[PDB]
Amino acid sequence: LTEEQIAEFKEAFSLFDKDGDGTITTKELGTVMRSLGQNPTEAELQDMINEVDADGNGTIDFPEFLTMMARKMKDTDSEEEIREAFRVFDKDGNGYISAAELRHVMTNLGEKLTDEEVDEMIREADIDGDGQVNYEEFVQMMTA
Amino acid sequence: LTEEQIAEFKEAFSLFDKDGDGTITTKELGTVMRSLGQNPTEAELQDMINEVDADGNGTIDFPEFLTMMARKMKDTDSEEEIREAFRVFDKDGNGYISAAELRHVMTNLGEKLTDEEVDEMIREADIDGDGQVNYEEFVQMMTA
Amino acid sequence: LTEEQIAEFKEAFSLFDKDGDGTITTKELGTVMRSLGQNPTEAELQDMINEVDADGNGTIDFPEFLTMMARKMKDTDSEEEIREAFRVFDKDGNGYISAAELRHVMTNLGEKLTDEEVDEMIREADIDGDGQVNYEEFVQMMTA
Amino acid sequence: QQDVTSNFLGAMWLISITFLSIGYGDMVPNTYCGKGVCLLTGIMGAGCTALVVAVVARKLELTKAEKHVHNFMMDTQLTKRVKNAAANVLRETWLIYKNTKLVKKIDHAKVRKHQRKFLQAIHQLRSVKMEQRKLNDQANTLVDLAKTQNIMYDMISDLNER
Amino acid sequence: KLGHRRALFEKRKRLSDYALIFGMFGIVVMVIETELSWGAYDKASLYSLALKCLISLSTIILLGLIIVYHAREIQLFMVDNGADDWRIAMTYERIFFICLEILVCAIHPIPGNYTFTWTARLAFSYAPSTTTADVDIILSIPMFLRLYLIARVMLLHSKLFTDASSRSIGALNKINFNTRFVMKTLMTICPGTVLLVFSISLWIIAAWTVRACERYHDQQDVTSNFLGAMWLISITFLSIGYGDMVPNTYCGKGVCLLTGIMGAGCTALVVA
Amino acid sequence: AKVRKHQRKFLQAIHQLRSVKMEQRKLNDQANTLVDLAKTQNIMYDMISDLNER
Ligand SMILES: Cc1ccn(-c2nc(NC3CCC(F)(F)CC3)cc(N3CCOCC3)n2)n1
Ligand SMILES: [Ca+2]
Ligand SMILES: [Ca+2]
Ligand SMILES: [Ca+2]
Ligand SMILES: [Ca+2]
Ligand SMILES: [Ca+2]
Ligand SMILES: [Ca+2]
Ligand SMILES: [K+]
Ligand SMILES: [K+]
């Protein structure tokens, strides 16, 4: 990483981190986001600060900042979008999808596949054979 | 009656029921409406969810949806505007109209009727000499 | 000041002094400020009334209102912008600035000075010879 | 009998120029049919042009999601400029003192030049801070005001139980 | 991972400038040659050959630079979107746009001497005219289409969209940093300068185009005058209308139509 | 060749899926501005007035 790219994200950490202290908390993030017109709730702010924190400390640091600003800057993660496509049909909120609904949506909604192809997809999809697909290990095994 | 209409009806039913419980409650009916920009109150939501229900359950059923949708899509039931025309002059909110007020509005408002016609009315409209002529029966006897 | 200027000053004083009392209170100031569309809080109103209050009373009189009205009308009061320039880099809400940070900002931000000049400035500015450099002094000393 | 208004391209040109309200050139109708057609085209154009202008003026606006990023882009700047403008004041307020109370011989030209630069620095620092207030004011009055209203209504309804 | 990257952005930035230089060189040479050929020397002299071989060479190098800038863009696409073979990035839209760019940038007056027959009807008098024109005038005008390279260079040299933190923040919000976003931001921050620059740039180009078109059927110095064409363009832009000056050919009429169409929106935007 | 064709189609499907989820938020943003904001204000004012007499 170029030193210019390090002075950058630092001129931004200065913006996010007010009053010094080298730490970004929920209140500071809420203030900087409300200064732009946005009105996040407490749950949304907590989720945003949880998606970045890895220490478990509850506060974000510059090393915890560079590991995400150097990945969201470029590229296009397919693993972050296949999961979205999966959860489009998962309205319950859990992490499971029924096999019958999966077969129906694969065979009736857009570029329909044949019965044998979807049967093969199910047979290599249901590793446990319990009739409840997880669609998470199904992504880990396939995309990676 | 055709399968296509059932398809659009099921698709529309899927909008209201956010979850997969097959139920429309006071929460979804009102969450959808506020997503559409409407701002119903508790009484209005309760009345809307009440006047479609059949099996006294509070939750709205798919046959209950179909029964209302198959009728509110065509024709103009005159028994829905005659009662509104009666309610126009019912400011109090009860279900009774005084004979004198009815005679006055029939004689002085609109195209006006002669004394003989309004004399035949009341004496035919009111099934009793109480003087509190009901308008809910003069829709199920005269116009049925 | 001439008699006419005193006349306009009294006329302007009459606006804030609504119901009389010979005094302007916090409520009167808040009312006259909010009548113009502004929405000041309690802390801002208290700060505004404290910046003018003289005899520790909490109320503003004409003798203490005539002053500052002949000063916030001409000149620039450079001693009021030097303090703002110092406060620009004082984000901690205090009255001290770090010597190392002062040297860094004087060296690498705008019309960069030489090392010897900034070293001389740091040595002369530190009367107590400590890392916490005050900025109320060095503004009350050089701007005599 | 001159192939002027009976030419397809000539008629196309005439209709185009009358639609935009520029006006006729050397081609004007010889009959009432052409005059009526030109009147109809002008009447239609007098509203069509305004509608098209309104549509193309509305199509050049930023959405809310793009506004929320443009605000951050502008707020990333207007701070380097503020720091640069504030450092010059501190530089000159030291240079003037040095040149007026440290050197054995007082050079008047340097003092005058530094006192001239001090006012420019002060004015630039005062000017750069108005853009921040303008940006804050325009970034405000953009909140929904409905989600918080519903949240507060629900909280007060819950508190009504005492 | 910043090793292969940041080594292609600079290459593209240099290639854009080196393409712009050779793009503008040919325009300068064509203007000079078209102005000088009307009286200083005939089309059979050696000066025309000398001044057209340079344009041909500049076109060759411009095409050579373009066909390498596109390859660098393909390499950047491969680096960003995980892929191994380069045929993944080759779709119908990309090929069509590359072909369109090559066709647009591969037009210039070929050296030689060719002529054709031109006839037109004089305006306000309805009198036919017939002169033997040149073929080079047909190919010289479309060279003004090379002006998108200025926009490309300005977009690639912008100090706003090139910031990494802004790109990351915009990718978090799921927005695209395409040309429309840049145009909207420029209209938001500086709406008057863009309009002024566009109008001033269009004025002289349109006036020169009208003057060059209407010089074969004009023996009275009315529409073949630079100050007589700038005035016409100015009065047509504001929708006032023509006076005693109307185009004698279809080129002038088309230019006037385009100027009027542009003005009908430019005036409203400036007023707003 | 099949792998390359299917990867191209996968990229196209991704880019067409990401485009359709922006209208779903543009509609919500443009529809959230129709709230009256006065009936709820009056209701809350009445509730707070009732709560005042604790
Ligand atoms: C304009 C602007 C400024 C900040 N924005 C923003 N920041 C997010 N995360 C931050 C990253 C830095 C941190 F780690 F220090 C704290 C958490 C997340 C996020 N969003 C909104 C869009 O889709 C959901 C997530 N937006 N947006
Ligand atoms: Ca902090
Ligand atoms: Ca941490
Ligand atoms: Ca339900
Ligand atoms: Ca039911
Ligand atoms: Ca008082
Ligand atoms: Ca006092
Ligand atoms: K006109
Ligand atoms: K007009």
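Residue numbers (my numbering), protein chains in the order written: chain A, 1 to 144; chain B, 1001 to 1144; chain C, 2001 to 2144; chain D, 3001 to 3162; chain E, 4001 to 4272; chain F, 5001 to 5054.
Ideal Cβ positions, reconstructed from N, Cα and C, are used throughout, including at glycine.
Continuous alpha helix (DSSP H) stretch holding residue i: start and end
{"i": "A:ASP75", "result": "Neither: A:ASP75 is in no alpha helix (DSSP H) and is coded neither H nor E."}
{"i": "residue 3990 of chain E", "result": "No information on residue 3990 of chain E is available, as it lies outside the stretch 4001 to 4272 that chain E covers here."}
{"i": "E:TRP4203", "result": "4191-4213"}
{"i": "F:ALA5013", "result": "5002-5031"}
{"i": "B:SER1014", "result": "1003-1016"}
{"i": "E:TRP4086", "result": "First-last for E:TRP4086: undefined, no H or E at that position."}
{"i": "E:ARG4005", "result": "Looking at the DSSP string, E:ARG4005 is not in any alpha helix (DSSP H), and its letter there is neither H nor E."}
{"i": "E:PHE4025", "result": "4009-4036"}
{"i": "C:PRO2063", "result": "2062-2066"}
Minimum Cβ-Cβ distance from residue i to chain F less than 8 Å
{"i": "D:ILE3156", "result": "yes"}
{"i": "E:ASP4085", "result": "yes"}
{"i": "A:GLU44", "result": "no"}
{"i": "A:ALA144", "result": "no"}
{"i": "E:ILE4088", "result": "yes"}
{"i": "E:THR4091", "result": "yes"}
{"i": "A:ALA85", "result": "yes"}
Within-8 Å CB hit, residue i to chain D
{"i": "F:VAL5035", "result": "yes"}
{"i": "A:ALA12", "result": "yes"}
{"i": "C:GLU2111", "result": "yes"}
{"i": "E:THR4185", "result": "yes"}
{"i": "C:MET2033", "result": "no"}
Neighbouring residues, chain D, relative to residue i (Cβ below 7 Å)
{"i": "C:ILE2097", "result": "Those do not exist, as C:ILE2097 stays about 11 Å from chain D at its closest Cβ, beyond 7 Å."}
{"i": "C:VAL2105", "result": "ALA3087"}
{"i": "E:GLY4241", "result": "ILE3022, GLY3023"}
Beta-carbon proximity list for residue i, same chain, < 8 Å, skipping 5 on both sides
{"i": "D:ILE3022", "result": "none"}
{"i": "D:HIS3114", "result": "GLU3092, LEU3095, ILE3096, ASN3099"}
Proximal residues to residue i (C-beta, below 7 Å), its chain only, five neighbours per side dropped
{"i": "A:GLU136", "result": "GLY95"}
{"i": "E:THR4059", "result": "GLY4026, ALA4106, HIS4108"}
{"i": "B:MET1069", "result": "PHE1009"}
Contacts of residue i in chain C (Cβ-Cβ under 9 Å)
{"i": "D:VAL3111", "result": "Near D:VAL3111 there are no residues of chain C at all, since even the closest Cβ is about 14 Å away, more than 9 Å."}
Interface residues of chain D facing residue i [CB-CB closer than 9 Å]
{"i": "F:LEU5051", "result": "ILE3156, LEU3159, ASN3160, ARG3162"}
Residue range of the unbroken beta strand (DSSP E) whose run includes residue i
{"i": "D:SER3006", "result": "Counting along the chain, D:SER3006 falls outside any beta strand (DSSP E), and DSSP gives it neither H nor E."}
{"i": "C:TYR2096", "result": "2096-2098"}
{"i": "E:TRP4118", "result": "4115-4121"}
{"i": "E:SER4129", "result": "4128-4134"}
{"i": "C:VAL2133", "result": "2132-2134"}
Chain-ordered chain D contacts of residue i [CB-CB under 8 Å]
{"i": "A:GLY37", "result": "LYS3067, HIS3068, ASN3071, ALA3139, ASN3140, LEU3142, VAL3143"}
{"i": "F:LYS5026", "result": "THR3063"}
{"i": "E:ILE4175", "result": "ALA3065, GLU3066, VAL3069"}
{"i": "C:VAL2088", "result": "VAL3082, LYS3083, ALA3086"}
Of the listed residues the options, nearest to residue i (C-alpha basis)
{"i": "F:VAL5035", "options": "D:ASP3158, D:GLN3002, D:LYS3117, D:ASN3150", "result": "D:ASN3150"}
{"i": "A:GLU84", "options": "F:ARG5004, F:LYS5005, F:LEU5017", "result": "F:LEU5017"}
{"i": "C:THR2067", "options": "C:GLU2081, C:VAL2052, C:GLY2056, C:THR2076", "result": "C:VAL2052"}
{"i": "B:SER1014", "options": "A:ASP119, A:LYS91, A:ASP21", "result": "A:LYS91"}
{"i": "C:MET2048", "options": "C:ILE2006, C:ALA2144, C:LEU2029, C:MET2142", "result": "C:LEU2029"}
{"i": "C:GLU2011", "options": "C:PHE2062, C:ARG2071, C:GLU2124", "result": "C:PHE2062"}
{"i": "E:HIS4108", "options": "E:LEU4155, E:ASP4136, E:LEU4172", "result": "E:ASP4136"}
{"i": "E:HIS4217", "options": "E:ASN4248, E:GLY4170, E:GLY4228", "result": "E:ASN4248"}
{"i": "E:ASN4225", "options": "E:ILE4061, E:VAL4210, E:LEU4238, E:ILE4235", "result": "E:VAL4210"}
Chain-ordered chain A contacts of residue i [CB-CB under 7 Å]
{"i": "D:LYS3147", "result": "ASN39"}
Residues near residue i by beta carbon distance below 6 Å, same chain, minus five either side
{"i": "A:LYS74", "result": "none"}
{"i": "E:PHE4096", "result": "none"}
Chain F residues whose Cβ lies nearer than 7 Å to that of residue i
{"i": "D:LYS3064", "result": "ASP5029"}
Chain C contact for residue i (CB, 8 Å cutoff)
{"i": "D:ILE3106", "result": "no"}
CB contact check: residue i to chain A, cutoff 8 Å
{"i": "E:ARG4167", "result": "yes"}
{"i": "E:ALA4164", "result": "yes"}
Neighbouring residues, chain C, relative to residue i (Cβ below 8 Å)
{"i": "D:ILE3122", "result": "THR2076, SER2078, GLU2081"}
Test: residue i CB closer than 8 Å to a CB of chain E
{"i": "D:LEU3078", "result": "no"}
Chain A contact residues for residue i, given Cβ-Cβ distances below 8 Å
{"i": "E:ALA4171", "result": "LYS72, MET73"}
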